[PDB]
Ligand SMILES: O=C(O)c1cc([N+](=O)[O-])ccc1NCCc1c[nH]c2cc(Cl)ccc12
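In the block that follows, a single chain appears as structure tokens, in the form deposited without this ligand.
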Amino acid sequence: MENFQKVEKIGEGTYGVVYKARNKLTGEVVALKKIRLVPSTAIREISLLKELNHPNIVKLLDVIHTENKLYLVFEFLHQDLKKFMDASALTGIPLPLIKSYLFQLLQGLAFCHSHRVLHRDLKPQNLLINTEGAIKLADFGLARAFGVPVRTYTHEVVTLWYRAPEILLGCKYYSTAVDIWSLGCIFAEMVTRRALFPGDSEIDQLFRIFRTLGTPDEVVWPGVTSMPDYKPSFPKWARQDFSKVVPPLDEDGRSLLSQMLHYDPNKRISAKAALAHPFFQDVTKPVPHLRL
């Protein structure tokens, strides 16, 4: 830590305070993350993430285990998508830019997933943008390392808006399809300028999902009725047309959103397959209008 000078508190993450900081020797400007509670297991797992390098993954520069505390030093980026969407509310992110960002995030998932590494807590606050038209995933792999708590260290509620339904139904064993689902929800949110499923508890989240996509059953999701927190007593809602759910998204876009939104995680499109989807045939890399 003494090798850093804290420029400023950026905010309060899942695990702890996030600082913008300068390496007190090397000049480099970085994101510094203190991790609350170190266990041998988390070290070895964190250390596997330093090698998981990709242009659409926020680079983990260094892990520091000293004084029995744990800091993570990250490539610094100046804005997240949550804030960028807020800034863009009056007219929406232009579709060519939504496509570029989606395309790039799928590239980063496709990388991590091929090495068997999931995010598990994708969300706008976790997706970070620069002035070059790029977008990157933060905190990849940290959920397996440390868990995902209900409240942060500052009791701030961790949002459920982007959580896949197999998790909400108590499935113990997640696959990579959970990130696809989150990303699907983020994709719908960029398009409509409104969160898809803003639940404020687990059941409100589940039921919000149900009301839009239909209560899942053994037809669409084999094995569903036998998941840990499934209850025969769930209300049975009918599914809504996607045309109602995300206008004015185009046919290709709606078609892809649907596959990213499949109940059965096994049926849910992979990142790699999704990059091949006709939605992305005219993809480009526009530069965002950023005010820092």
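Rigid core here is just the name for the largest C-alpha set that superposes within 1.5 Å across the two forms. Residue positions are given as counts along the sequence shown, with the first one as 1.
- Figure legend: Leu37 is marked as unmodelled in at least a third of the other comparable entries of the protein.
- According to the record, the deposited sequence contains 4 to 9 residues between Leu37 and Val38 that were left without coordinates.
- Per the PDB record, of the two stretches 261-269 and 40-48, 40-48 carries the greater mean B-factor over its C-alpha atoms.
- Looking at 182-190 and 139-147 together, the entry lists the larger mean B-factor for 139-147, computed on C-alpha atoms.
- The maximum CA B-factor among the listed residues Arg208, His113, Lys172, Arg163, taken from the PDB record, is found at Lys172.
- The entry assigns its greatest Cα B factor, within the set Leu109, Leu102, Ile203, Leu90, to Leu90.
- For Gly27, the recorded CA B-factor ranks within the highest third of the chain. Only modelled residues enter the ranking.
- Per the deposited record, the Cα B-factor of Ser255 falls in the lowest third when ranked against the other modelled residues of its chain.
- Sort the chain's modelled residues by C-alpha temperature factor and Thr66 lands in the highest third, per the entry.
- In this PDB entry, the Cα temperature factor of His54 sits in the bottom third of its chain's modelled residues, the lowest group.
- When the CA B factors of the chain's modelled residues are split into thirds, the value for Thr131 lands in the middle one.
Not pictured, yet referred to below: the form solved in complex with this ligand.
- In summary, the binding site of this form is blocked: after superposition of the surrounding C-alphas, this ligand from its pose in the deposited bound form has 3 or more atoms within 2.4 Å of backbone or C-beta atoms.
- Proximity to this ligand in the deposited bound form, defined as a heavy atom within 4.5 Å, singles out one entry of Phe207, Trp161, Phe74, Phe103, which is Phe74.
- This chain is drawn without this ligand; in the deposited bound form, the residue among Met190, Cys112, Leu183, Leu97 with a heavy atom within 4.5 Å of it is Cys112.
- Proximity to this ligand in the deposited bound form holds for none of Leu196, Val245 and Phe279, with the criterion being a heavy atom within 4.5 Å.
- Although the partner is absent here, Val117 lies within 4.5 Å of this ligand in the deposited bound form, judged by heavy atoms.
- This ligand is not shown here, but in the deposited bound form it comes within 4.5 Å of a heavy atom of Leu142.
- In the deposited bound form, no heavy atom of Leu249 sits within 4.5 Å of this ligand.
- Contact check for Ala89: no non-hydrogen atom falls within 4.5 Å of this ligand in the deposited bound form.
- Residues of 181-220 that come within 4.5 Å of this ligand in the deposited bound form, judged by any heavy atom, do not exist; none qualify.
- The only C-alpha among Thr131, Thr154, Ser201, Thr192 that moves by 2 Å or more between this form and the one not shown, given a superposition on the rigid core, is that of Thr154.
- If you fit the rigid core between this form and the one not shown, you'll see the Cα of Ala143 move by 2 angstroms or more.
- The Cα position of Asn23 differs by 2 Å or more between this form and the one not shown after fitting on the rigid core.
- Core-superposed comparison between this form and the one not shown: the Cα of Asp241 travels less than 2 Å.
- Note on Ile64 and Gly147: their C-alpha atoms are nearer in the deposited bound form, a change of at least 3 Å from this conformation.
- By 3 Å or more, the C-alpha separation between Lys24 and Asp62 grows in the deposited bound form relative to the form shown here.
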